[PDB]
Amino acid sequence: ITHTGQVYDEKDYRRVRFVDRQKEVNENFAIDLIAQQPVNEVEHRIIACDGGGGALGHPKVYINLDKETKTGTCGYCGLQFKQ
Amino acid sequence: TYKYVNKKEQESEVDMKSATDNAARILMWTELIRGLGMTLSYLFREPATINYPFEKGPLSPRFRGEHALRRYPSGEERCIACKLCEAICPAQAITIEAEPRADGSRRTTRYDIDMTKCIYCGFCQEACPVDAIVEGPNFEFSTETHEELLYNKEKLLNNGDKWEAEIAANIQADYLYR
Amino acid sequence: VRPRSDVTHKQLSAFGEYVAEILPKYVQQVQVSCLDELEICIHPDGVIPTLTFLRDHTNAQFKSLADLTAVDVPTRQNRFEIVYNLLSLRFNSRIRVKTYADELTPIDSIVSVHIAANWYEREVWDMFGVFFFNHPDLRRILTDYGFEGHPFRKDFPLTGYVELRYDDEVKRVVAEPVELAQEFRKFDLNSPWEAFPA
Amino acid sequence: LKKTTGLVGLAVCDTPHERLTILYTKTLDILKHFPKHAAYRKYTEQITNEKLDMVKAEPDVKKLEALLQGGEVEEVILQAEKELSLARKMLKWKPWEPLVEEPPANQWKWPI
Amino acid sequence: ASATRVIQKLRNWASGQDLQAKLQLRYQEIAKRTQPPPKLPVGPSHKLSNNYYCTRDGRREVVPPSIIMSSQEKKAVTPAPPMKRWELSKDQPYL
Amino acid sequence: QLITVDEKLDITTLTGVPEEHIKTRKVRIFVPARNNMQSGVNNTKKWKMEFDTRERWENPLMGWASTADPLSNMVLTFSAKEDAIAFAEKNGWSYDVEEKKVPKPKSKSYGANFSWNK
Amino acid sequence: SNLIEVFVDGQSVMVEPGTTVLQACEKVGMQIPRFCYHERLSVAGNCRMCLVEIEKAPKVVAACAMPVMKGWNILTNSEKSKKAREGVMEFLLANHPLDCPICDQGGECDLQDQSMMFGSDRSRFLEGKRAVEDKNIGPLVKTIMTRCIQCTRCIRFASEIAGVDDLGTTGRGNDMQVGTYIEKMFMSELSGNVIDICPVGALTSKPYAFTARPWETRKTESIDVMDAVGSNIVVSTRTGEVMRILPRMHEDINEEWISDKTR
Amino acid sequence: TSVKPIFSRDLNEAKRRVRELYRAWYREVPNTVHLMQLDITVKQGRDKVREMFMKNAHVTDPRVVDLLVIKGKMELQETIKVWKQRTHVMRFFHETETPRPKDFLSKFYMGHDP
Amino acid sequence: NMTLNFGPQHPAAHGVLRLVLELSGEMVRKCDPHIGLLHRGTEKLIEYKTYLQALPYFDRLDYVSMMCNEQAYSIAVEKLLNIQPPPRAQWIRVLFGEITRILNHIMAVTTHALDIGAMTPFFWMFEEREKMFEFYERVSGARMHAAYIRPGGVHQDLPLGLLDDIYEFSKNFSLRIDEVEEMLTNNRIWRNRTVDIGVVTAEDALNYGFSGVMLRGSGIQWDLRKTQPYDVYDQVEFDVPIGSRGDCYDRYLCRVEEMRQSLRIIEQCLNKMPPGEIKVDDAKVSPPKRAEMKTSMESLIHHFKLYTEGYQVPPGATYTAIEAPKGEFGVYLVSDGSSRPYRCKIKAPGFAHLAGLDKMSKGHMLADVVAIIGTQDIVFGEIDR
Ligand SMILES: COC1=C(OC)C(=O)C(CC=C(C)C)=C(C)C1=O
Ligand code: SF4
Ligand code: SF4
Ligand code: SF4
Ligand code: FES
Ligand SMILES: [Zn+2]
């Protein structure tokens, strides 16, 4: 159910906690939300993902998009870029 | 440089006029009447209270208030589990355990801020490199049961989604300062 | 880098020698920190004598006791390091006289020299367990009435061994051995690399 | 002459020069028993002798207050007899003696 | 504020002070919110040259305490120069 | 005048420790090794004595680790082996000292790597 | 006999002829900041982060590689030997990708600490950085090699401690990348030690990728039971489940290394 | 060896003091059980006093004994000069806590670490 | 003597106080204050916490003078690191330090009256106090318990509207002191309740270690702000309000004057605050700026290490005393080379003052004791620590 497949077993009693209450979960899951964003087709071997917004984003990092097969993915945003 | 408070510079010798003035002060409670005038004066001043539900006491952007975990505009949660928010928390409130997500990305399997343990220092706001954990503006989260106060990743992420618009405005206003 | 005046490190240094000379029977070491603070160190027997000389000497009047504390170096044979910080409103200088006391080798009390110490000495007994002879009324000040163990000792667990909850059956608050729901995470923080010769 | 000293409890002492000369001369006397080369005797005798000499020399108390500091003259009186009391106490204490006992080794090593 | 003059006059009198001049309630005098964006100044040490840390790190150039009188004619010396008497204030010596 | 006592300072009676944690707790005096990750040796200098590890059951409501042993997180640091042994004896905890093991001297010289026949 | 006397800041230590300058500092107790020098790996001199200043000498010398000579005074903390570190650390950091909150050698970095202790507080590299394509060297070691400080301890271990002789340097200039030229996995026992021996977090362990962070890990010293050499090991446990087993040094049994199986 | 005496020169003199404290507590137990309205029996309490006074019967060193009574005296003062209310006193009886068995088989059946 | 305890719940007991009183009739012959009801273990917890993560603890020792408390730890740690805060930061600490003494004195004068029975002074000033917290909240984000004054420098620059708003508060505040001035300074009822009560003689005050308004009230002239000028207290001009006789009135009058003198110091700080940086520029001691840590590797390494491990202050020990509103607040911080402290003895102006209650409240009624605690400005957080 949750982001990590956290689902109390059919016999676990913490399910009593959810009795007469809502088990809080978020419909918007990141694993999926990042996928939607398309691969950025940059034209330089190495590009940088400042995180969007500079100081309001994530530490700046340079990605090597040299591997033709795969696409570079910022360890921070998850945004992907291909040459 | 010093200053004597309550030190009588000299012994003014009683002069009838002086004595009368004093005796009148004791007999007709003159100074006591002075005090009554002050309170009557305010009775006429506008009261400073605010209708609490209808009007709210002003809080500027840095107000720490209630914890929230932000997400990138794309929808990828900002936290990358570096876990130094856990390291610098003074109260040991934040508990983080992580594992590489299927995507291969780094993410936190469990992020639990114990708000009863938290003393709202705002260092976590400070420490985060991606600034995923922020001190959100809301201060009204009083709860009937102690368990509700303990917050897991889903409550904080949900708290983040609800208040993201104001959190973004608040961080927008104060980031130059930081 | 902080501004440092060597006027003080010289003045205080000299005074140190003066005290030492006047009280050689007890002064073991007298040092001035790089922070311009003097710290005469005295044999425990010199507690009464060294303080009194500082409280009542024309060339060194140290009228008020800023603090009485006891660091605990477990390695050190004499575990506690009673430290007395004093102030001289006349000469605008502070000095610290520090002695060493083991757990069952009591120190004299200075309540006579400064009555400020009446409370701090009770505080040192309650937290560290050092005992002060000739104290008017030594008894726990900060800890609970029935507390067992001296808390600030480095060998005492932070969480302690007992915690309190209300039990209906007995309708009264009741100690139980501590059971914590998230143990204190003991982050190891020391880095394996030194900083300077010091 | 003055009405009162700043300090609450202290009270104006008339004949202050005489009161000081009495206390100062006494201390000098007590110190006379201290061992000859005793550090306290040489140091305090020097301080007390200078204080008297000034008290003898100055007939105006206000200037006397400036010459040996002491703030108000009444305080200097309290400091002198406090010292007189300690001088008597140290003779009993015999602190001029050598160190009572060397510190256990590594007792004063802070990095630990 | 927003008080009929008479109430103000009664107020000022009963209090004995022109309380109107210094009202406690704040009205359009307080700094407006959303004050302009701040570009704060970068301090020293941001030079790109002659900025060697070894020349600006008082943290550990500090040394172990200096030791005097370790166990392992001469004039009297005080802890420090006797203190200087404070002087009565001149704007308001008394009261 | 001083009095004579041959009794090993045992002060177990004054320390104020519950009986269970003085007779069932074994502490080990050891000099910490170096996580191989880093090559710094400033954490392999002072001896430390650490009490034996105890139960760490999962908490049902939040899954946080929970411990019933008070002396768990306590690690006292002692400069020398002799002093640490003394602490165990007077406090009455059992001890099992481990000798320090320091890297043996190793002979190195850049020339060797260019040896005619190695 | 065979005991030269060299002074480390005037401490007259005496060392067998042959001891390096770094080794001379060790016996006094001082520790030269070092990268690319491992006790049980050949001296290479790649980093030059250990430059010290023997007294009365024009240039600073390489500690780990300079045979000490009679009389020399090391001046390890000399203003010069600090510029010789404040300026090297400038370089290692310049091409470094700042993903320290990704680098799981976060608190286990001999490059942040040697930077927080022996280096400067800022940066002047206003220019751009470099990036090196990663490599799938194996299923145990995750080589995020854009982290590599070209210290060649891997290429040594992979040749000297283990006889793999596969890892090697490829190219020259600032795009010397120390990865297998063709993608052949580094399959050998003794493989996981590369993790422990790379001070940078370029190549680290893939199973223990992001499960923890070292300050939290409580470290209990125990014995290897998988094999009969009985190698000493340290089991790093967090909140009660083992997170990592890494070697702890036993001169006689496992001298800083452990098998791929027992970690 | 070569220790300085705290208050008692030898176990003999020290024991004198213990006797006094025992008496003190013995004479006090009844009063407390009444001024605190404790639900215990004077006899029962007096045995507890004995328990404690013997829990530390093994101490052989004079200095340790002397501190023990100093501390003991302090406790009495907190219970006769009443600053310690029932909750504090009853704690001595460990009334609420469940007793743990010391039998090996018992522990085996219950706890990982005995 | 009819032993009666001033139990905690009672309002005059500051929430936690069990004064065992021996009532010789209504006259009280002995007090044995039983503190310890709020001992939190503040100084054993600090040993397990790094220097930055222990700052917060210092805002909770005296909880009515938060920033002045955290200026004593900040000065100590700074001494042990031989680093000094930048010029703007030192003025900001003096600006916030006097806002805190106005805040503590409004607390002490108005709550004393609440105990005696005057209720209106508290309400008028408490509205003036939330005006002030706002200044804390607008600069740190917390109404109280800010954590703004950091071991090296202060944490963030003042927002661009704060100094104008501090001028408007300081401009009109003095009338507010003047107003309780009229309502509680000449009332025969106050004077009778306060004058000639708890007189403490000058030498007795020094001997009991009073060190505060209690020291100054009896005429001893000691202010750590002028004698041993910490921060910039050497570049601001003020008059210490020394009282003459020592009754609880002279001590009140002194506290009202210090509020007025602090407005004089606040004025100077707004008039002369320098352009500059708010935290020392050594990344080793003060954390790197948000933009720098996200663009420069040396800054991320310094941010990571500082937040996760710590400053690692050089081994040493220092006793640093600053004039906290209550009195001399000092931290004896003993430091090993480690990033976390070894000992932190918080000297609390208050442990000494409460000891004096038995001597000061001599030959006094049950009602006088309520005034005696009120005139010591005792907050049990500092005493209990
Ligand atoms: C200002 O000093 C203090 C008080 O007295 C006026 C208290 O009432 C209290 C508690 C009072 C209540 C019942 C809110 C505290 C904590 C205090 O600090
Ligand atoms: S710091 Fe920010 S990012 Fe790193 S873990 Fe805590 S929250 Fe997630
Ligand atoms: S290696 Fe990993 S941790 Fe060490 S600096 Fe480079 S990135 Fe930060
Ligand atoms: S991989 Fe690790 S070891 Fe091999 S070179 Fe790059 S850094 Fe040095
Ligand atoms: S260690 Fe000296 S060259 Fe790398
Ligand atoms: Zn990105």
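All residue numbers given for chain D refer to Swiss-Prot; the residues shown span 5-116 in order.
For all residues, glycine too, the Cβ spot is worked out from N, Cα and C.
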Among D:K46, D:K67, D:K96, residue that the record in Swiss-Prot marks as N6-acetyllysine: D:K46
Modified residues among D:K36, D:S89, D:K98 whose Cβ lies under 8 Å from any chain C Cβ: D:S89, D:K98
C-alpha spacing of D:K46 (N6-acetyllysine) relative to D:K36 (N6-acetyllysine), in angstrom: 10
Around the Cβ of D:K46 (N6-acetyllysine), the count of other Cβ atoms that are within 10 Å: 17
Helix, strand or coil at D:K46 (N6-acetyllysine) [DSSP, three-state]: helix
Length of the line joining the Cα atoms of D:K46 (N6-acetyllysine) and D:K60 (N6-acetyllysine), in Å: 21
Secondary-structure category, per DSSP, in which D:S89 (phosphoserine) falls: helix
Structural state of D:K36 (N6-acetyllysine), classified by DSSP into three states: coil
Separation of alpha carbons, D:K98 (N6-acetyllysine) and D:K60 (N6-acetyllysine) (Å): 31
Residue pair D:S89 (phosphoserine), D:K98 (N6-acetyllysine) - Cα distance, angstrom, rounded: 14
Among D:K30, D:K36, D:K60, D:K98, the most crowded of the modified residues [Cβ within 10 Å]: D:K30
Distance [Cα-Cα, Å, rounded] between D:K98 (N6-acetyllysine) and D:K30 (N6-acetyllysine): 20
